[PDB]
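Counting convention: from 1, in listed order, for ligands and their atoms alike. Letters go in sequence order (proteins before strands), and every chain restarts at 1.
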Protein chains: 2
Amino acid sequence: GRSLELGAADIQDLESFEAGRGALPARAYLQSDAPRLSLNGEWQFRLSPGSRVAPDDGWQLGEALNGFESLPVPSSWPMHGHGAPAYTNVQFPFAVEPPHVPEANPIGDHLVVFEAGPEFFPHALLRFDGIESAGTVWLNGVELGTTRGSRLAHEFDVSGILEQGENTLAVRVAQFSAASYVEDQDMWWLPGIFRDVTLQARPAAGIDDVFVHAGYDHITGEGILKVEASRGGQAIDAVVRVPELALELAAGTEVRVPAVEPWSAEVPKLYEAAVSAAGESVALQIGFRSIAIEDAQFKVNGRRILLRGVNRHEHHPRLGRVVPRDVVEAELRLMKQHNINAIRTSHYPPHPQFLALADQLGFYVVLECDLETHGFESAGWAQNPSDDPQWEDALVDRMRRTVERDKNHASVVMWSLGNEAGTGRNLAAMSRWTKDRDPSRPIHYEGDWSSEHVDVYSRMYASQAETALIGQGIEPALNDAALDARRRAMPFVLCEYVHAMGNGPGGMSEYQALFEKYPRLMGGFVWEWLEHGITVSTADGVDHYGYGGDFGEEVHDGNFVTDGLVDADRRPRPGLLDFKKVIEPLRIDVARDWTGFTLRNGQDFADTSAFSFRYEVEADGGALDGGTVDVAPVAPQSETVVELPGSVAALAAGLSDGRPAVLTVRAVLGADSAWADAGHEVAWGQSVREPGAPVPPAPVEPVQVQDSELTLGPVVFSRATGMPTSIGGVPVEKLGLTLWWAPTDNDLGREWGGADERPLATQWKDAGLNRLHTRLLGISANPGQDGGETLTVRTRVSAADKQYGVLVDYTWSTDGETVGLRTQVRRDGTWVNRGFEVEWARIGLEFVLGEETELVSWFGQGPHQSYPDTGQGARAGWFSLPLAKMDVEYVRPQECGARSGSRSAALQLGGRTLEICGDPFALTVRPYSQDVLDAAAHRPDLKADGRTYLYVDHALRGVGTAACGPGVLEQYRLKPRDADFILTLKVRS
Amino acid sequence: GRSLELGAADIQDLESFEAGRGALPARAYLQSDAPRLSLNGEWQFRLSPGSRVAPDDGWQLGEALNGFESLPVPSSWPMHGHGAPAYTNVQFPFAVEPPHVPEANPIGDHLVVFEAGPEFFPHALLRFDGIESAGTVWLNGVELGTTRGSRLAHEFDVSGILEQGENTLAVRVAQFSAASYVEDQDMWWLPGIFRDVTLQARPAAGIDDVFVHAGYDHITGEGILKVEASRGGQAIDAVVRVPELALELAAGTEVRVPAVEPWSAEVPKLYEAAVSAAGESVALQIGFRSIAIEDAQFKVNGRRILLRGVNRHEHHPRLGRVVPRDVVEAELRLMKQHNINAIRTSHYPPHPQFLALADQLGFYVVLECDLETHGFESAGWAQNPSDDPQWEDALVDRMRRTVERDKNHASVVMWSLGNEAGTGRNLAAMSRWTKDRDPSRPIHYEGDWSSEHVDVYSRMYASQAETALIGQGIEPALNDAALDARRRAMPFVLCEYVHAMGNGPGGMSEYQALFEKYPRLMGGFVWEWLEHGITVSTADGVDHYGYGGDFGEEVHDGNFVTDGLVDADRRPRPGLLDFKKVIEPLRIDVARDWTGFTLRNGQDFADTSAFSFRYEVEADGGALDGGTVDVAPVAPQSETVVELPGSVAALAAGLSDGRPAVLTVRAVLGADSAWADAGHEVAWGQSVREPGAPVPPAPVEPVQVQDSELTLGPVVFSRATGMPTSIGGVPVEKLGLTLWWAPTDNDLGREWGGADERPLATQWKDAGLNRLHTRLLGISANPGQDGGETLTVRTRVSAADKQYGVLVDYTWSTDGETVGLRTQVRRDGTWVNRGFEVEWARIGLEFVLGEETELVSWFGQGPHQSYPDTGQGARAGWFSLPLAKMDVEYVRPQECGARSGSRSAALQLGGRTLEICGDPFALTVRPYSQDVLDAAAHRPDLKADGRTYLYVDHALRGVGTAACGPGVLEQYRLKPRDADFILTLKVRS
Ligand code: NA
Ligand code: NA
């Protein structure tokens, strides 16, 4: 019979396995003197919900448009109220039946009218730098062709179609296409024409493509230069000029430059160059560097490098995949300001303007092809496009466009085939194509662990233990002896590690110590630089970030997209502050006697001449001595002992016992760089003279007994509970043991291995740790000193339905001024629940005070938070912050803000100050309870309740990285145990 | 030092392991002519949150009461706004550290002033029939003693304390005590004085206790009678008179009554009797019956009985544990009206007034002691009071009070030691005590499967398969050969089975067929008679039932307390309607040729003389023939073939082919009984002449094609989707395949055994079955007949992220009057998800119509819902219900309301009727979507949205009983498969 369905042709094109049609050959993105017109601006836009109903109403001509409205281009259209962003991690948001598309498939019709002056004749092209995911392009109603590879560029010849004067450009964009099955990156799905649209004249006798080859001979110091130039695919006559090197050579000929200063991320030397034909001139920045693998090490200019990396997606919280150039420049400077020297373009080529900035600012870049088929994994990889010969041409096209665009950039030191795309014949074909086209850059691909088609062995989230075995070259053999031998000779990179989601990441120091120890380890790229929060505004006026499921998604992955070192506005998370310190390129170990410091230069190429070395001694009152010490430049990978001025050690010699003082030595930029100002701190080291343990008060005040209350100096207790009700007039609503905290993103992750794979959060809920109850066993007053008394309150803490508990005894003493509180914790019964041992989050006290706190001051580590396996960036000192600044604005609220290693704290509660001292404790202060924090899914759910929740922890567990990869390392776990700890409390007006 | 804690003495008493102090010896509850004053009424009540702050302000004297307000007694105080009800199933709501109590422990001080006239002197007592959980009792300020065993009675001698005229009775009640650790029944925690408080005079020369022994010799027909009577524990001179039997005998002497009519649940013959001393007369109802175990069968009066049982808790949705007498009488009549002959008093003795009613109405009662320590099980039973010698006296006291109170009742045929209290020495001591005190009733206790200390082997929720092996006596041996031999010689009872929570229970017929087949099987007691809903009223005016967690509980078990055959107001759930039919005591199998019926009398004692046998033939128009047929009485366990009048078979002979007609034969009560009126239906059977398969319309209308719509007779289709948009003017908003339903309580239960223990609900969510998407493959018009056409719409249904799907083809045809719809379903790919095969809930269609439905009519099974493993009570006929009456008011909304076995349906949508016909289908109609139904936690969450959701299922899965015990039996499971089915649709005005 007769077919009656609508849209069949549009759908058949969307279901194509081929690369797009009609485009010019892939080439470099080049700075040319050829005339150009950017078509970016306000376009006209109409959205249809699917191909079947998308109108065929001749809209391409731009006459009498029915249902179009203004939209900026470039754009990701769901950022501008057209549908909604949708987030999945692995799962596809559509039925998995390639190459077919869902019926619900946003179709966005875009139209711009522009003027073409005489300079665009007779030859010109239209360039599109990215369209997600399938574009069909018409110019004055004439089909140019189609685009596939959402993050890749396409150019269309418009000679003889483009007209003098007015022209109408129309682009139909489908969100979903067969291409969406190979674009399954863990990020928002965001259709749109989201990168530049450019008219470019193509003058006769021009230059279409250029391939710079600029090697460095590290023995002789020569540059090895050849600049290819072609037109229409053929090598052409052109002149290359490099004025700084006193060179003029023909394009196409290799020459030896007697002396070049080589390019590295540390020293990003670039020589300005031009390659000219009669009709066109191309401007280039040439960095001379050669990359080799030698002795299972990845070497640049003859040296093994350490990659201090991050994975950079392109995201903006208001504009989606469109990242303004000011934001790109600012975030790169921010990375350099945090000691980052390497970037993986996870998992697609970046905006083409990225590459010049990386060459300039200095980063080793793993430039990754736009390919990911991760959602095929849950079906055993059945139908995976990576191994389906019908997709070979589409996947080789993606690799070809990736490589041709960026091949001239010194910053690019590896090509990556894609990410989490399984193994298969089309990956092998992409690698073959790349090795043949550009043998000058090693190939990377983590998805095939046998490493058959790559030149480095790459893994994601391998544990510190497996990374140590790999660094020693003693990881288990592959089955194939030939592949085993090849992989053993490769250097090893963590392309994603220390997942930075929420409170964390824990365990960074342990990987970094291995990276320093084993030359085969190249380093690692943190996952990930940024959180992909999307700003959501509420009717009152407050912004917060939204995450997966905040936009009506049927299927999504919640806050797994907010897993970065910075928020979407590039504000640092504590993890970035810690990472900067972990990867610092100099090591400064300050002598205990303050006579000097050991300085290790951990850079690969630069000496220490860029740095000014500063010292300062700080005490209670402020700075006591400081200055700058002159250091003869130290070679990369060498170290020296720098003497400090004698006045410094004399100051340390003369300090009274138990007066606290901190000597800090810092390496700062001696002069402005391209990425920071003079004075910018790169590295530091300290030596601390610790305050003496507080003297517990003499127990000279006796206990005053009333019918319902007991008084001991400035403490009033409920006689019914044994718990304080005020301390020097500050109301105490509650005091009790804590063992739990509001789970972090990591604690919500599965604990892989062994019989128990409940996330720690679930282990804790099952155990009742979040719902502890206290039974009073007794209250005794005992003899102290000179008629004074101590008061001991004996309690047992447990939870409904559990037989295990802890005995907690509080002993209060006071001389009328300060209050001594000794806490003793003893395990009672076996802490096992559901067949598994229970772990604690902490051993601590929670004081709920009945007044708000405005300010929190402390001597300890800071200014930012620190847990046992984090806080590397938190240094010793005296800190003071408004209460709200103690918090951490994670998108999903969770345990955060603890300051470990506190020696003393002071809370300002209006006119009164509550001072806490003792052996080291962790300090946290909040205006809402742990139950409020745990329940909150977004920051607007946190409401101050007029109280202060003060946490003083004798022990804390680490935070690890269990949301993705290793949980808390063995040394930072917290098994139930007996504990004893003393505090002093003093309320001052 | 000096102790300073408060409340230590009250707490030490609450933590006592002893039974209460000061009470008179346990005895029978007896109807005496001794004067009595009920103190029930408005008392004065003050609540303190714990012992430490409960005032010692001399309130016992009732003078100048500070902070008391009026409260009815008996009461469960949290039903009257004093704190809140709290529900846990197994878990204790307090830390498990017996005998200690939590600090938060509601203390309720109760006070009543009353007058004692001269008739209460010189001797009297105060009787308390239940206090939860610990009472301390003062009279005029003088301590009487304490109560333990919340559901047991205590009496205190008040001689010389009670005063002529005004007296003040004070009772301090603690919710929690050491006793709460042995009162862990799955029900609400509800402190209070929740049973009668009675002053009773004790005249000199009276009767304190009586023990009736009334056996029956089934061979001779003699009664064996001995009535013991004692005072102060000593046997006394008393006269027993039984006027109906022409007897006067001395108390204490056993006599042989030559002829007695024996008591059974079927024939509850009771002889009025009195036992008299000079000072007191006690009124008794004597049922003669003897109980024995013989040949591994439980026999009463020489016959094996079948128990058709339920577990009865005491609950009222507004008064808590106080069940008004009118409610008790009405619910027992309701049980008898549903063929129930047996009751287990789960898990404590009932109100003492229960027992006379069970004797009278006729039920075999398992009278269970107030003991349950289930929350010790999760710690391996460590510290279980059942095996701790410190608790022996408290537990033997509980068994002694249980047995002494009820020992005179013929209805009591087993004593049960308690429930889910593990194994141990104190259970053995309770059993020893009981066997010695009353060897006339077998002992029951399920918790020790070795059955060492009991006389019947009892299990809860054993599968139909294990029950079959037990019925054949071939279950696996115990390790001990001596215990094995004893247990093999016991008859077997399911003390809980076919858990009745939500939609269900499924699988009842299969247990009942075993009960009939194997004499060793005693029958079973459904869990449970009632839902324990608590009425919650909202500010507008609407009531709904609340469940666990609706009352602010920190820990609770949600809707596991709403798991009954009736709701808390005793309104039947569909499961009761089904159970009545499953346990019907007569079997009526109607001959296919309508000449007669086979009648089996499945009663144990009664013949069929109580019943009138009625027949009726019903067709389309109504009744065609009917009457009453005389049946000579059939003996218990015999059967006969009853001929129907010849006019009936002649009517069947003459019916036109495929005209539907139903012959129903019913056994109804011929006369009013104590529990129902004449005409009450006890049993039925049918024979159906099935309507002929509908003639599909001739496909004579062609397809009309427009740009955006196709028309085929009265059907309009979207041309873009292929789906109908109206049928004869009724708007169709949506039509598509269904495979899922909103999970029942059972589907939320774990699927025990094998590698997969996800509840089915979780299996379905994981599989994406609740979020199906449909892709259109094509639409063709094909040649029908005489220029008409059929329209085939080909689609594929699957879910985001899944590779499996089903191909669904719709073929529409019409002659302009009726519409033929053929649906073809074919599996595409392997339906496995997370390593396990996916199961479907159904194979069906959902029509979302854009108008409301007022009425639903059908020919099929009803009136109530039916699924493949339920609906036994739904008979063949013609039904018609207002839309809201199609629904089932489960407390947690869930899949329900499907009418399986429908042959035709008619929906009234204002002025139009939509008629559906075909091969048998299940029919459901709702005013809200499945997503709304699934999300709803309570009935007020269901909101009509102005649409009709119509479900027509070609297949359904069973509902089973997986919330507790067996899931869906193999024969009712639904594995993905190909299907084909035809419907006809007709819209009439
Ligand atoms: Na992520
Ligand atoms: Na229950």
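- Scored by the side chain to side chain donor-acceptor pair (under 3.5 Å) test, B/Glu314 finds B/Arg195, B/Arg312 as partners (sequence neighbours excluded).
- B/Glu531 and B/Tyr545 share no side-chain donor-acceptor pair at under 3.5 Å.
- The side-chain contact (heavy atoms from CB on, under 4.5 Å) check on A/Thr88 picks up A/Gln91, A/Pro93, A/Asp184, A/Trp189, A/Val555, A/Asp557, with sequence neighbours excluded.
- Shown here are the protein N/O/S atoms lying under 3.0 Å from the Na ion (ligand 2), water excluded: B/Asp186 OD2, B/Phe560 O, B/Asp563 OD2.
- Ring-plane geometry between B/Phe92 and B/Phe376 is classed as perpendicular, the angle between the planes exceeding 60 degrees on a 0 to 90 degree scale with a lower cut at 30.
- Looking only at side-chain heavy atoms (C-beta outward), A/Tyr181 and A/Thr373 stay at 4.5 Å or farther from each other.
- In terms of the side-chain contact (heavy atoms from CB on, under 4.5 Å) criterion, residue partners of A/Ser346 (sequence neighbours excluded) are, by chain and number, A/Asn311, A/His313, A/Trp527.
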